[PDB]
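Q: My structure is below; once you've seen it, I'll send some questions.
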Amino acid sequence: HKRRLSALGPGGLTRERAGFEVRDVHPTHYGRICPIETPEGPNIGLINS
DNA sequence: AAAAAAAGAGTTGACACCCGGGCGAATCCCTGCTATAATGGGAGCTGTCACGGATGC
């Protein structure tokens with residue numbers, strides 16, 4: 001829970017304003033952001049660690 | 001074979017009292033008055049579309 005990287009808050013894209021590109025995984029996350037730990041709820045692809 | 005009374009009613013004075021209405025007293029709310037010089041304002045998006053409609057020359 002301490003190694004979490006959220007994308008919301010005061011200055012972040014709202015869940016309704018996320019879209020499809022923000023939730024998608026980018027090929028630069030190799031070794032910097034694990035694309036396997038993410039909540040399977042509505043805010044998918046925004047709480048990656 | 002007869003014939004009157006503890007209850008059952010019915011009151012009659014005799015307190016005990018319990019909020020109500022005043023008499024106070026103690027204390028709240030309003031309103032105005034202060035005299036050196038005061039002179040234009042701080043967030044907020046901005047990382048969804050798409051449609052469906054309202055103004056303009």
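Letters for chains follow the order of the structure tokens (A, B, ...), residue numbers begin at 1 for each chain, and ligand numbers begin at 1 in the order shown.
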What are the closest atom pairs, with distances in Å to one decimal, for each residue of chain B lying within 10 Å of chain A, using only C-alpha atoms (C1' of nucleotides), rows by chain and rising residue number, as a Markdown table?
A:
| residue | atom | partner | partner_atom | distance |
| --- | --- | --- | --- | --- |
| B:47 | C1' | A:13 | CA | 6.1 |
| B:48 | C1' | A:17 | CA | 5.5 |
| B:49 | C1' | A:19 | CA | 9.7 |
Q: Neighbours of residue 47 in chain A within 10 Å (only C-alpha atoms (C1' of nucleotides); same-chain residues fewer than 5 positions away dropped), as a PyMOL selection string?
A: chain A and resi 4-8+23+37-39
